[PDB]
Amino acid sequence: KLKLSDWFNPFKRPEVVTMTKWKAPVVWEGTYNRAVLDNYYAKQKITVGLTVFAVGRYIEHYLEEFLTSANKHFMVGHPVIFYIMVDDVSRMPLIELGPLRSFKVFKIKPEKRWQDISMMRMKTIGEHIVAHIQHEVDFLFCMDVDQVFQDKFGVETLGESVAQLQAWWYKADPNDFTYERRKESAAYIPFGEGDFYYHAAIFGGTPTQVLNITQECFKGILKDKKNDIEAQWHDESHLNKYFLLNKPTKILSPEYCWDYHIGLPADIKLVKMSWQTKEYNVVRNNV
């Protein structure tokens, strides 16, 4: 029964892109009415899920800070379930959770290459959606562990299929985007095509939609393997091809996933999540 104008006012942010050509909102600080949405979703009694992977020394470096910050800032006022996937449960940090948060932990196999640890998430998330997440939540987010929540990340972000604008590229022209440009890859996007450059560090939707996102990306990853090719930015290259073909029903501004190495320019008004500094010499164990 919700209507876009019930909660979204693009004229509050006149100097940034707030609407796509296919009429999806781009959610910027100032445009959303969270009170209206919190009342609407509470009456439906929703639950929201969040998947996060930590394999190898990503556990010690990032998992505690990710979960402590998610407890404080993610969908406050609604029931949330954190789904944590790790290769060694004995190293999992067991922090205290607050009202309306709970969790569960799964042991997964560690792939040999960091590139395959990142890409295999697509397979694993779909398996979990079919086995249990579809029965447990109304909406799901799937996130990288190497980042920290900084302020409220709330129900204004919910939708059928949700994409994140990558912080370094949101003002750029598509022919400058780092899409996969080799026609032999399933992830190929030709010059002359593309809407935005999306970040694979945050994506979400209903369980049905996220199942389709992850299944289609993993099919592409598998096809490339049979053709002896590996996409330039791995699962992110495939996710950008997916969202070109199947346009997202909502996009989040870079305020929702910001890199402070850029600085803090005028367009970024209140940061909800920030990147961790890269530490590849320690946390990765192959080139």
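The first residue of the sequence shown is number 1, and the count goes up from there. Think of the rigid core as the biggest set of C-alphas that the two forms share within 1.5 Å after superposition.
Trainee: May I ask which stretch, 200-208 or 108-116, sits farther from the shown form in 6 other deposited structures of this protein once every structure is superposed on the core, judging by RMS CA distance?
Mentor: Per-stretch check in 6 other deposited structures of this protein: the more divergent one is 108-116.
Trainee: Out of 89-97 and 75-83, which stretch has the higher average CA B-factor listed in the record?
Mentor: Averaged over C-alpha atoms, the B-factors run higher in 89-97.
Trainee: Test of understanding: from the entry's C-alpha B-factors, which stretch has the higher mean, 160-168 or 178-186?
Mentor: According to the entry, 178-186 carries the higher average C-alpha B-factor.
Trainee: In the PDB entry, which of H128, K104, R113, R121 has its C-alpha at the highest B-factor?
Mentor: Comparing C-alpha B-factors across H128, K104, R113, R121, the top value belongs to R113.
Trainee: Please work out which residue in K250, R57, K241, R34 has the highest C-alpha B-factor recorded for this crystal structure.
Mentor: When the deposited C-alpha B-factors of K250, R57, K241, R34 are compared, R34 is largest.
Trainee: What third of the chain does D228 rank in for C-alpha temperature factor, lowest, middle or highest?
Mentor: As the PDB entry reports it, the C-alpha B-factor of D228 lands in the highest third of its chain.
Trainee: Would you please rank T277 by its C-alpha temperature factor against the other modelled residues of its chain and give the third it falls in: lowest, middle or highest?
Mentor: Middle third of the chain for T277's C-alpha B-factor.
Trainee: Taking the values exactly as deposited, rank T208 by C-alpha B-factor within its chain and report the matching third: lowest, middle or highest.
Mentor: It falls in the top third of the chain.
Trainee: Would you mind checking where the Cα B-factor of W28 ranks among the modelled residues of its chain, as the lowest, middle or highest third?
Mentor: According to the entry, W28 has a C-alpha B-factor in the chain's middle third.
Trainee: State the tercile, meaning the lowest, middle or highest third, of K43 with respect to the CA B-factors recorded for its chain.
Mentor: Answer is highest: the recorded C-alpha B-factor places it there.
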